[PDB]
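# Experimental structure below, sequence on top.
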Number of protein chains: 2
Amino acid sequence: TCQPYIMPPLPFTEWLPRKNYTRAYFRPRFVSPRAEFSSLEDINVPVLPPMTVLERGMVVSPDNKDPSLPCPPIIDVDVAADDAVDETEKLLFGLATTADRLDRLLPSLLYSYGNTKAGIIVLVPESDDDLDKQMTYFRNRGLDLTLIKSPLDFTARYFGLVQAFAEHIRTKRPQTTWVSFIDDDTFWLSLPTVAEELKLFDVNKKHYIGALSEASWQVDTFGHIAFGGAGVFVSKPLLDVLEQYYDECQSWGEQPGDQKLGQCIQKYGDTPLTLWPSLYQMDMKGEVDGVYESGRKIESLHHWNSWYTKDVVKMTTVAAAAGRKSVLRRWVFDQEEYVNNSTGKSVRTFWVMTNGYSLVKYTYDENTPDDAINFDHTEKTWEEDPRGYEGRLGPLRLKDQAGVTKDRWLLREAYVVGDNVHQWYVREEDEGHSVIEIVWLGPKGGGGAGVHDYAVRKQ
Amino acid sequence: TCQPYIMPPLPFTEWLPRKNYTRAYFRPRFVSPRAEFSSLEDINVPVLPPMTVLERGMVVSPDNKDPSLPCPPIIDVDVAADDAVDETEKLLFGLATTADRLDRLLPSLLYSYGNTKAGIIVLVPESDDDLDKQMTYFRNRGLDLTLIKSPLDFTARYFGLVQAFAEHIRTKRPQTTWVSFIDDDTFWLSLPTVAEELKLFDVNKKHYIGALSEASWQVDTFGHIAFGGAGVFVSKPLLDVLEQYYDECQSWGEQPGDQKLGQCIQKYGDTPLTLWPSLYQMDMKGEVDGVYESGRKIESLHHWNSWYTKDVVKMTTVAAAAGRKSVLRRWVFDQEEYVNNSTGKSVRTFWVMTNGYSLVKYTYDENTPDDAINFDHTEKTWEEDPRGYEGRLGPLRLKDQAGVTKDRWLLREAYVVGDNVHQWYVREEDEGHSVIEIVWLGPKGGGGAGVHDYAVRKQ
Ligand SMILES: O=c1ccn([C@@H]2O[C@H](COP(=O)(O)OP(=O)(O)O)[C@@H](O)[C@H]2O)c(=O)[nH]1
Ligand SMILES: O=c1ccn([C@@H]2O[C@H](COP(=O)(O)OP(=O)(O)O)[C@@H](O)[C@H]2O)c(=O)[nH]1
Ligand SMILES: OC[C@@H](O)[C@@H]1O[C@@H](O)[C@H](O)[C@H]1O
Ligand SMILES: OC[C@@H](O)[C@@H]1O[C@@H](O)[C@H](O)[C@H]1O
Ligand SMILES: [Mn+2]
Ligand SMILES: [Mn+2]
């Protein structure tokens, strides 16, 4: 009749209230890591069963006609397998932060760099802290990094990584070929994929890879630099030049280190900036739904714990079942039409799932055509003026478009239970607590997210 | 072959890092609701297996003696059944707060009052808000209340509940015979049990039931009143007297409403204050482990979202499987002894589980006796001066007692998966992330927490 019943994990914040609930099963099928999909893949089979009024727990309310939950279908989708972490060994990341900030952002740092072969050195302020004890605290939890005390300030310690990079490579990590400046809130959706894409650049030539800010006035203010929030990559030959002229470039005031880095490369590096539009600085505040639901290639995120608030750790939970590259992938399904037999015009309805972010139900009215939304255009949902984001984020759609209704279910909870990942999307409607659960039926032993790469730093 | 393996629900904050892990099973056998238990019930069989080093996810690390997780036993523990919610109908609770604060505290309010027969009226500030919409917003989620607009200020709205109570009882709730003043952070561990205990009072006589602050200086400052945060109970005959002298008592400044209520009863009520020590105002800051792990009869809690921080919603999650009365119940187990065959002295260890709060491993040194801790004496763990709390909280013990080591695993996560509740206790040790999981195997259909009282407010 049905298709073992998996019980949803429910915190009391979700178990206690009454809720309108529906669930769908998605079965990830892993293909090549180099496989490519559409920005919005279609599912031509019914997906979301009708909602069921539930009471405390999962008890079916007596308001429902059917006394039971609907039988949800299993939707097979193709996902690109995770890339190998072998190419990550050539990377050495550098941070200017504190051990307290590393501990607060530990889960996000574990997803980005944990269970990879990349090295991390951190310039921390001067203190009485036991660096060996703090280093063991993070390494035993899965984050192998090197803590180095520095007398410089945070702004100077950022550029001070140039000297820290060179000495660490010369003395401890000679196999390093790529060096990377990062913020502690620079979140990599798939670091091994980035390491694989760095192979296209000659390792023996100088290279300066980064991204511009999405806000045009930030580029006007600070110049065409690699904004440090999105991540910066500097090849070893360019680092050798930066070390040669470190004393001539390093100021000791409050100039942003990423701007100082770009100006030093512009002056003595003879290396142009290589632009990676997949790295996102996120120089924007408010609702970031448009960028996350854009279907664009997103390899790094930023500002998610300051300028705006977004649990990127909760968002990447699905990677344990469907791989890293499945995060923020878009599927469209459940297209329904409600025609008026007198006028012939119809109100159309369809769903778009941004994996790990949102479930959006779109309603086109009688006067709204089918192509009213180009989902390859980025919806402008943030606060700043949209004119400064047209150049970087392409042609922007309006947040409030006439004739279009956008009901959004934001991801509230996510849990890994065995081989499955339970996604708990929630919309707080006036008529109740609306819940949409997506259970990803991942393969045995895990679908990725570094679950098999625990001994990859050994020996 | 272990004694159907239940996979633990893991958020990415717990799935990503490496961790030292252990789990024990607890099967609550439900007995009579009036059954009493010791403040520290013994478990005489081994409970906690040896710790297993786990990598990312639940992968058994090669840094382990055995390649598999141990088979943990199932501990049978007697728990008292939840009381009936019939006696809650006589209660009418009054709040002086806003719809925004009700929304932020909705889960805790749902556990306290949801799925009971008690009424709730709230005096909210004047605004253009659609009161009927907000009422439907909370009622559809499980919290039925009446929102009344009031021009009075906050302190006046609290005592203004005297008029709001009398009018609501006379016109909408005539069956109300107990009226209760509460804060929005007044948390009830078992409201039906409190409603049952209120039957011990003659319902036709004036009654003023409350609790004094634990800090003696707060009583010296504001008097021997029923402190509002712990919850105040006023019988209907006393409310009639309070309404007769409302104008003579109600001021218009910033006098605390609970002190104003007590002073009005003192001047016109002719009713002494009946002290309930089980209601705790929680007039303390810092680590509140001593009160929560005291084994004392705790029926109301307060200040858990302001003066101190404690997710009382996560704490009561186990009540879905072991009943409301199991929360904060204590069990001691795993008494181990490590003697020295030369001197004969021994180092002894044992565990004390405060259900839903903490797992503490005590270590007594060679010169510490077995009676070194009276677990009926409240450990002084909060910030303020201990002398001000000796009267209310009995003889206190020191947080740092010589020869006694206290390693505490605090409750980090809690989930209800079908008939089971998973408790995720966490201690952040210098050598790694330490996790002890307790899986409560509740009975079929849920162990309580109002899972069967969903249709109890029907007409
Ligand atoms: O790797 C980092 C990133 C930031 N910060 C500190 O955090 C502040 C805010 O940085 P955030 O990343 O939130 O915003 P940004 O400066 O990137 O716009 C900075 O001014 C620094 O003082 C730090 O110590 N280390
Ligand atoms: O039922 C309540 C309780 C508190 N507050 C607000 O919260 C403040 C204090 O919060 P809390 O109740 O945690 O502290 P307490 O007053 O109990 O010491 C009050 O001054 C009010 O502004 C409120 O609006 N409604
Ligand atoms: O080079 C500075 C650059 O990092 C800018 O500084 C701040 O304006 C904001 O962090 C970012 O846009
Ligand atoms: O009646 C006043 C009483 O509520 C006291 O006021 C504050 O000191 C704190 O809320 C509590 O101790
Ligand atoms: Mn940053
Ligand atoms: Mn309060």
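Thanks, I have it. Numbering: from 1, shown residues only, chains lettered A, B, ... in the order given. Ligands and ions are numbered 1, 2, ... in the order given.
# who does the helix or strand hosting residue A:320 touch, helix- and strand-wise?
In this structure, residue A:320 sits in helix A:319-322 according to DSSP states H and E. Here helix A:319-322 touches strand A:19-31, strand A:420-429, strand A:432-441, going by 3 or more CB pairs under 8 Å, 6 or more residues apart in numbering or on different chains; DSSP states H and E. All C-beta spots, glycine's among them, are computed from the backbone N, C-alpha and C.
# Count the residues that sit near residue A:173.
Residue A:173 has 17 neighbours, counted by other CB atoms under 10 Å in any protein chain shown.
# Ok, residue A:341 next?
Using other CB under 10 Å as the criterion, the residues surrounding residue A:341 number 5.
# That one and ligand 2: what is the separation?
54 Å (CB to the nearest ligand atom, to the nearest Å).
# For that residue, which three-state class applies?
Under DSSP: H, G, I helix; E, B strand; the rest coil, residue A:341 falls in the coil class.
# From ligand 4, how far off is it?
Residue A:341 is 65 Å from ligand 4, by CB to the nearest ligand atom.
# For that residue, list the residues it contacts.
Not one residue lies near residue A:341 by CB atoms under 8 Å, 6 or more residues apart in numbering or on different chains.
# next one: residue A:331
Neighbouring residues of residue A:331 by CB under 8 Å, 6+ apart: A:40, A:41, A:42, A:43, A:77, A:352, A:353, A:355.
# Can you flag the buried ones in those residues?
Applying 16 or more other CB atoms under 10 Å in any protein chain shown to those, the neighbour count classes A:40, A:43, A:77, A:352, A:353, A:355 as buried.
# if we can go back for a sec, can I get the helices and strands packed on helix A:319-322 in JSON lines including mean neighbour count and distance to chain B?
Compiled in JSON lines, the helices and strands packed on helix A:319-322 are given as follows (neighbours: other CB atoms under 10 Å in any protein chain shown; distance: least, CB to the nearest CB, whole Å):
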{"stretch": "strand A:19-31", "mean neighbour count": "20", "distance to chain B": "8"}
{"stretch": "strand A:420-429", "mean neighbour count": "21", "distance to chain B": "8"}
{"stretch": "strand A:432-441", "mean neighbour count": "22", "distance to chain B": "4"}
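# Of all those, which one comes closest to residue A:86?
strand A:19-31 (18.4 Å; CB to CB).
# report the angle between the axes of that closest one and strand A:432-441?
20 degrees (axes from the mean of the first three to the mean of the last three CA atoms, to 10 degrees).
# And the contacts of the helix holding residue A:320?
A:26, A:28, A:77, A:79, A:111, A:326-327, A:355, A:416, A:419-421, A:440-443, A:446-449, A:451, B:12, B:15, B:57.
# CA atoms only for it, dumped as CSV, please.
The C-alpha coordinates for helix A:319-322 follow below in CSV (Å, rounded to 0.1, in the frame of the first residue of the first chain):
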residue,chain,number,x,y,z
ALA,A,319,24.9,17.2,2.0
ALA,A,320,25.2,14.2,4.3
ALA,A,321,22.6,12.5,2.1
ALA,A,322,22.7,14.1,-1.3
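# for that helix, the distance to its chain's centre please.
Relative to its parent chain, helix A:319-322 has a centroid offset of 14 Å by CA atoms, centre = their mean, to the nearest Å.
# before we move on, what about stretch A:364-381?
Using CA atoms, centre = their mean, the mean C-alpha position of stretch A:364-381 is found 25 Å from that of the whole chain.
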